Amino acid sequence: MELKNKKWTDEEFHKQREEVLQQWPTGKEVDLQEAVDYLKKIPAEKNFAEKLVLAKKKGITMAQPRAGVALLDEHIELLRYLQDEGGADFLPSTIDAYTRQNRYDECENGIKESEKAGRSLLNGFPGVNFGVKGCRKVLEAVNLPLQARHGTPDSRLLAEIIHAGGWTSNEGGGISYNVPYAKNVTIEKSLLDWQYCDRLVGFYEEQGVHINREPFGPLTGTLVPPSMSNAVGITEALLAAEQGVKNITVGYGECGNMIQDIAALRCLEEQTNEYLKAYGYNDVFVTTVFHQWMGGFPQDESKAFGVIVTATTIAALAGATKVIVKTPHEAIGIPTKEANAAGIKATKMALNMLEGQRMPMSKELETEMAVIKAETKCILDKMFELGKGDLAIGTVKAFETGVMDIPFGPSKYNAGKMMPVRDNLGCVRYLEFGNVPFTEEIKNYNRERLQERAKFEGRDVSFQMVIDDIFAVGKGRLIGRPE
């Protein structure tokens, strides 16, 4: 197929569907006519899109963990624990990494090994292998909405199965579930395959079935400048809306400076709404998700709580619709159900200690929001120019030319030229600009911010600072200070 930012026709989509469902025998379990009626019978309390609307109406931040294991009963047991003992507002199912690479043969092997070992040897739930019948068992066993959380460049079959499975949200997008999660996949092909996932939600919404979509904001979770991360989310929201998506959660990964973070999340929500409306998408319901610190954690569990709850406080004060919970086991391995519920309990307690509180406007905040929107607009403007009005083509070309460039992405289609580093107050800034198309004024403000750190630490700003920042939180602080 040729890539264009245009809604796929019904015939186009069906033709692709018949090919996708053949990629694993559980594809045979997907019946759209049957799935629509199943979906319509799920109570509103278990519909992710409808519960987001309620949370926005109530002014509350909802808490959602990450969770998944190889075997079906164990996976349900785990979700039930997070629900019941954790107090989760939303439930995930975290998909294993073989699934994410479309290796269902390896999924099956790992299911077998997990059965023998009595513990999960997969780092997540093999949804394709468990099929629609398994994903339905999961939904039926819990009392909260379910979302597929993962990181899959070609997610078409997974999406068909989890949504027919009654899972009413799908996370991801053609940039955010490519560049952080892949090496060899072109940006053209991941955008085409994510148009499928979005078009599938479009179909369901045309039938009156409401299903949330959530672009993955934090990307590599490693010093991503807010303006670069927001440009990706806004892009993914626009490309989703063109295929008919109506309920979108845009996301942002904590950088650590509270004002920068709140500015980023507000700019993200505002510019996303602004762009959708500017391009004629006038019926899209937009929510926000704040992810707690997605870089390296401290191994000490008490220090991990220091990270989890300061992150939550930022989320709370930002007015985030949703916050994704980290656990005291983050530095070490996939959390036990206990460690996970500790994360959720700590998180929800912080939220409840901050009920209705918001960060008030300040000059400091105003200034930072203006920086982030201008930066973001530089990028987006360039993308539209390169695509000659077509944002999907513009994205392909932006990656080809370093206009969009994600720090530390493994994708060979990512330039890897732009270098981020923190300033003296811990805000993430641009150290090296690469081909990111900023004006001199924007570039000079980043340099000015960064010189204040050089002066204070008595060393030139440098890649060594970057490495220090990569290690800082695991070593007990935000900023990679010398010694």
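Numbering starts at 1 and runs along the sequence shown.
*Asks:* When the C-alpha temperature factors are averaged for each of 64-72 and 25-33, which stretch ends up with the higher value in the entry?
*Replies:* Between 25-33 and 64-72, it is 25-33 that shows the higher mean C-alpha B-factor.
*Asks:* In the PDB record, does 152-160 or 80-88 carry the higher mean Cα temperature factor?
*Replies:* For C-alpha atoms only, the mean B-factor is higher in 80-88.
*Asks:* Could you check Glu270, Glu375, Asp300, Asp193 and tell me which one carries the biggest Cα B-factor in the deposited entry?
*Replies:* It is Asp300.
*Asks:* Comparing recorded Cα B-factors across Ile262, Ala342, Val245, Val132, which one is largest?
*Replies:* Result of the comparison over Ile262, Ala342, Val245, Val132: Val132.
*Asks:* Is the Cα B-factor recorded for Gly458 in the lowest, middle or highest third of its chain?
*Replies:* Its C-alpha B-factor belongs to the highest third of this chain's values.
*Asks:* What third of its chain, lowest, middle or highest, does the C-alpha temperature factor of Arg429 fall into?
*Replies:* Its C-alpha B-factor, which the entry lists for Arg429, ranks in the middle third among residues of this chain.
*Asks:* Using the temperature factors of the C-alpha atoms in this entry, rank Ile442 within its chain: lowest, middle or highest third.
*Replies:* Highest third of the chain for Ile442's C-alpha B-factor.
*Asks:* How does the C-alpha B factor of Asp405 compare with the rest of the chain: lowest, middle or highest third?
*Replies:* Within its chain, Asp405 is a middle-third residue by C-alpha B-factor, going by the deposited values.
*Asks:* According to the PDB entry, is the CA B factor of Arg422 in the bottom, middle or top third of its chain, that is, lowest, middle or highest?
*Replies:* Answer is middle: the recorded C-alpha B-factor places it there.
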